[PDB]
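Topology and contacts: notes
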Amino acid sequence: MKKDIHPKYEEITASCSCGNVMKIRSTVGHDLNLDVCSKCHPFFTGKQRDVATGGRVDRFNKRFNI
Amino acid sequence: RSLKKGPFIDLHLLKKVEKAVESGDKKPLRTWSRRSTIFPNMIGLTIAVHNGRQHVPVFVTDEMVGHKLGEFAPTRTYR
Amino acid sequence: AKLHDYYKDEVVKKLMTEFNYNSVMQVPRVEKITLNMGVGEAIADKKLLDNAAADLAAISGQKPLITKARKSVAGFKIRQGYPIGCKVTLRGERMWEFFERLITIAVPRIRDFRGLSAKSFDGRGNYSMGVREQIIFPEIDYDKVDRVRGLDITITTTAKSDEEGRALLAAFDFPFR
Amino acid sequence: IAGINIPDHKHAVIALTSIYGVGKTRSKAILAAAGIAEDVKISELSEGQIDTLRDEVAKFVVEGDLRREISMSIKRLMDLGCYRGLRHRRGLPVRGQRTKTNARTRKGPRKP
RNA sequence: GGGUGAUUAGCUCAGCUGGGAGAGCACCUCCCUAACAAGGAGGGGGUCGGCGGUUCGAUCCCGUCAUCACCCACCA
RNA sequence: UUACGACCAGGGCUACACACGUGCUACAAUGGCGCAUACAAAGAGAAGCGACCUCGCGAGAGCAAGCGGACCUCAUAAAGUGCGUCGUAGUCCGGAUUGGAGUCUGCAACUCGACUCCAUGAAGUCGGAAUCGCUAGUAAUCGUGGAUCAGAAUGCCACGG
RNA sequence: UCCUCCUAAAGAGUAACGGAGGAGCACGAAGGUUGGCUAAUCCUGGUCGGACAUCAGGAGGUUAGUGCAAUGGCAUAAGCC
Ligand SMILES: [Mg+2]
Ligand SMILES: [Mg+2]
Ligand SMILES: [Mg+2]
Ligand SMILES: [Mg+2]
Ligand SMILES: [Mg+2]
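Here the residue numbering is sequential from 1 along each chain as its sequence is written and may not follow the entry numbering; residues with no coordinates are omitted from view. To read the labels, note that chains go from A and ligands from 1, taken in the order they are written. The full assembly is larger than what is shown, and all values describe the shown chains rather than the whole. As a convention, hydrogens and water are excluded, and side-chain values are obtained from all of the structure's heavy atoms.

To be explicit about the condition: UniProt positions are given in the numbering used here, feature names are shortened, and annotations may be inferred rather than shown by experiment.
In the annotation of the PDB entry, chain C is listed under the name 50S ribosomal protein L5 and assigned to Escherichia coli. The title line of the PDB record says "E. coli pre-elongation complex without an A-site tRNA with EQ2-EttA in Hydrolytic 1 conformation". Its UniProt record, at the heading Sequence similarities (unreviewed entry), says of chain C: "Belongs to the universal ribosomal protein uL5 family."

The name the PDB entry gives chain B is 30S ribosomal protein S19, with Escherichia coli as the organism.

Structural notes on the pairing of strand β3 (residues 83–90) of chain C
Residues and elements named next belong to chain C. In plain terms, the rule: Strands are treated as partners if at least two bridges between them are detected by DSSP. Only DSSP runs of H or I reaching four residues or more are called helices, and only runs of E reaching two or more are called strands; each is numbered from the N terminus.
Summarising the sheet, strand β1 (residues 30–38) and β3 pair through six bridges and their orientation is antiparallel. Residue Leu-35 lies in a different strand from β3, and its bridge partner there is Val-88. As paired strands, strand β2 (residues 65–68) and β3 are joined by four bridges and run antiparallel to one another. When the sheet's bridge partners are listed, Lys-68 is paired in β3 with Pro-83.

Notes on the sheet that holds strand β5 (residues 152–157) of chain C
All names here are of chain C. Convention followed: Only the stretch in contact is used when fitting a helix axis, every axis being a line fitted to C-alpha atoms; angles between N-to-C directions are given from 0 to 180 degrees. Should any heavy atoms of two residues lie within 4.5 Å, those residues are counted as being in contact.
What the five strands build is an open sheet, ordered β2-β3-β1-β5-β4; its pairing is antiparallel. Strands with a single pairing partner mark the edges of an open sheet, and in this sheet they are β2 and β4 (127–130). On average, each strand axis in the sheet is inclined to that of its neighbour by 25°, with strand direction left out of account. Alignment of β1 against β5, held across six bridges, turns out to be antiparallel. Paired with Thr-34 across the bridge in β5 is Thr-154. Where helix α2 (residues 46–59) meets the sheet, its contacts fall on β1, β2 and β3, and the angle it forms with β3 comes to roughly 10°. The strands touched by helix α3 (residues 92–105) are β1, β3 and β5; relative to β1, the strand with the most contacts, the crossing angle is about 70°.

Quick notes on the arrangement of the chains
Ranking by contact count across five pairs of chains in contact places chains A and C at the top. Note that chain B does not reach chain C: the shortest distance linking a C-alpha of one to a C-alpha of the other is 26 Å.

Points about the protein's contact with RNA strand F
Put simply, the rule is: Here, proximity means that at least one heavy atom of the residue falls within 4 Å of the molecule or strand. Identification of polar contacts relies on pairs of N or O atoms within 3.5 Å, with a donor-acceptor requirement for protein atoms, meaning one able to donate a hydrogen and the other able to accept it, and with residues adjacent in sequence counted only if both atoms are side-chain atoms.
What surrounds RNA strand F is a group of 55 residues, the closest being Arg-63 of chain A together with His-88, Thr-99, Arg-104 and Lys-107 of chain D. For RNA strand F, the fraction of protein-proximal atoms (within 4 Å) that sit in sugar or phosphate groups is 75%. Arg-1 of chain B places a main-chain nitrogen or oxygen 2.9 Å from a base oxygen of RNA strand F. Contact between RNA strand F and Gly-23 of chain D: a phosphate oxygen at 2.8 Å from a main-chain N or O atom of the residue. Listed by contribution, the elements that provide at least two residues to the surface near RNA strand F are α2 (57–63) of chain A together with α2 (24–34), α4 (63–80), α5 (83–90) and α6 (104–107) of chain D.

Observations regarding the protein's contact with RNA strand G
All names here are of chain C. Inclusion rule: When residues are sorted by character, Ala, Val, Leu, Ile, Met, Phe, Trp, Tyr, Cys and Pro go into the nonpolar class, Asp, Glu, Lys and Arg into the charged class, and all the rest, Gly among them, into the polar class.
The full set close to RNA strand G counts 34 residues, and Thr-67, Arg-70, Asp-122, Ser-128 and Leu-151 are the nearest of them. In this structure, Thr-67 approaches RNA strand G through a side-chain N or O atom, which is 2.8 Å from a sugar or linking oxygen. Taking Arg-132, its main chain carries an N or O atom lying 3.1 Å from a base oxygen of RNA strand G. Here the surface near RNA strand G takes five residues from β1, the largest share from any one element. When its residues are assigned to classes, the surface near RNA strand G shows eleven nonpolar, 13 polar and ten charged.

The structure is reproduced here in structure tokens:
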């Protein structure tokens with residue numbers, strides 16, 4: 001490129017708390033250990049939990065213990 | 001805020017609702033029972049409730065079941 | 001690259017049969033990524049634009065070109081030539097590296113993330129996205145930043161339709177809605 | 001340091017209270033359920049325990065989810081047409097306090 | 001018929017070839033007082049006459065029209 | 001005097017651009033928060049006070065003695081002290097305002113009750129001109145009780161440190 | 001006193017107390033060259049960000065720009081780096 005006007009680029013290997021470790025090229029300087037990556041973030045199971053609202057007569061029905 | 005057991009409803013307003021679901025949707029029910037809560041079998045009705053001087057009609061919605069009819073009828077008018 | 005050959009196998013095999021293309025030159029490919037950040041508030045002081053350029057260069061392995069206002073607008077209290085934003089063009093290897101290190105470890109870090117809009121296509125197959133928060137990239141260490149300056153991504157591809165852009169971009173596992 | 005936002009420099013019990021949705025007792029329950037000493041600070045915690053703290057906080061509605069939950073509550077009342085909703089729209093106290101002289105918090109700074 | 005000047009808060013007026021736009025008294029509240037005045041504390045106001053124009057800015061700069069204030073209408 | 005009298009349900013007396021009077025809680029380190037522990041006086045109670053015990057994180061709920069009371073209950077007094085921490089930040093100060101979850105009393109807590117738990121954490125960093133009380137167990141501060149009262153005191157009336 | 005247009009009657013010129021505007025400078029780059037480049041405006045998507053800021057692609061094709069009036073000119077740009 002422009003011959004040393006750009007930041008450093010090193011093949012680091014970033015790690016995750018739930019596995020998910022890969023060989024990456026980035027300008028960081030230390031392999032940061034982050035939380036769930038794309039392989040574990042709940043956008044495949046959490047879709048069920050995405051519709052978290054529903055049921056008000058349910059609330060009425062549960063209060064009716066009489 | 002109400003009781004541990006036995007939610008509250010006036011008898012006359014309970015009877016009018018049972019007569020409603022028996023006879024289906026009908027003309028608005030005029031009641032003064034601002035204290036009686038809402039039951040699920042009142043949803044779809046257009047019951048009118050007192051505000052001290054007039055019966056303001058309220059169309060019961062799925063959400064308004066844990067509340068009381070007077071909660072949807074203001075009493076004092078401001079501006 | 002890491003994802004270049006991945007694309008060249010899976011996406012090409014998929015889109016050769018999806019649209020009955022007669023040639024491999026017909027299946028759309030992504031050509032560049034444009035990382036934009038219009039600081040706007042650097043009219044107050046240049047330090048903000050320098051800081052934002054630092055963050056952009058940290059995020060993407062390239063120095064950011066400083067973009068100056070094209071025309072004077074009295075509403076925004078700027079005049080022609082005021083340095084007002086930073087922009088990075090990523091192509092080829094750096095393009096794919098940033099694409100992977102985004103769609104892997106930067107979208108998951110979005111606070112309250114439930115999916116990127118799939119209808120947000122300009123009509124020419126190109127896609128755009130806002131982050132509202134730069135810290136979502138790992139390169140920001142929280143110990144040298146000052147603000148939460150947001151960022152904009154524009155994935156410019158050679159597709160000729162929104163359906164084509166969506167088809168190309170879904171094969172990479174794009175966290176749409 | 002994590003927990004969505006950054007807890008800084010404080011004892012783990014009281015640093016964790018910076019989480020929107022975690023107060024004195026919830027933070028005590030979290031540290032009890034994580035087996036972390038109350039008196040120790042956030043900089044002496046291992047990365048092998050903060051992950052447990054993330055697990056513990058995950059059993060509670062927090063910043064993103066909570067602020068949405070509160071906003072849903074107020075809006076549902078505002079759209080409901082009930083008295084509580086009406087008070088929310090006009091900015092007047094909902095719990096049933098005076099409006100003759102007090103209620104400067106809900107009304108805001110005084111204006112003639 | 002010709003020429004000149006002024007227009008800024010409710011009133012009288014200051015205001016930098018740019019910079020929220022200021023002063024007295026009027027107005028608002030509170031003190032003082034039996035109660036008012038006077039006095040003392042806090043506070044708010046604006047079409048900068050109006051569309052216009054070289055301008056990094058138009059209050060003061062930029063042709064104009066609107067109005068009110070003048071001045072001149074001599075030899076004839 | 002077939003209503004200015006009488007009855008009923010609902011509403012209002014609780015409104016709210018603002019202004020004033022009297023108060024309570026604070027703007028902290030002579031303090032906040034945890035653990036341990038000391039020292040009162042006065043008073044009230046029979047459709048009432050309600051031990052102990054069990055279940056509730058709690059408000060308390062069930063069972064249930066005793067007491068018309070120098071006997072029983074309300075009733076562990078709190079400031080204090082001892083230890084530890086917090087290290088001057090709108091904070092481990094402030095505890096408003098809102099969102100849920102509830103307990104009680106009451107035929108009934110929406111207008112419009114009190115209280116508990118979880119969450120939130122607003123003004124406020126000692127107050128302009130002016131102005132009030134107090135001369136000794138007084139001012140200041142800390143808690144307790146009673147009347148009214150089914151429930152509802154930051155008010156009132158009392159008590160002691 | 002000077003510049004631009006019209007009056008001015010298709011060469012030049014052409015008056016009035018005719019109709020409209022400007023100048024009394026600026027620039028050691030805003031001059032010379034050699035390379036390179038091409039606007040205004042609108043539409044669509046995009047974090048604060050909207051009527052309009054920066055970004056991406058589409059229309060459009062000089063309606064832009066020229067140190068300052070007006071006229072003539074300028075893409076091989078005379079415009080921008
Ligand atoms: Mg009545
Ligand atoms: Mg506290
Ligand atoms: Mg609390
Ligand atoms: Mg003072
Ligand atoms: Mg050239």
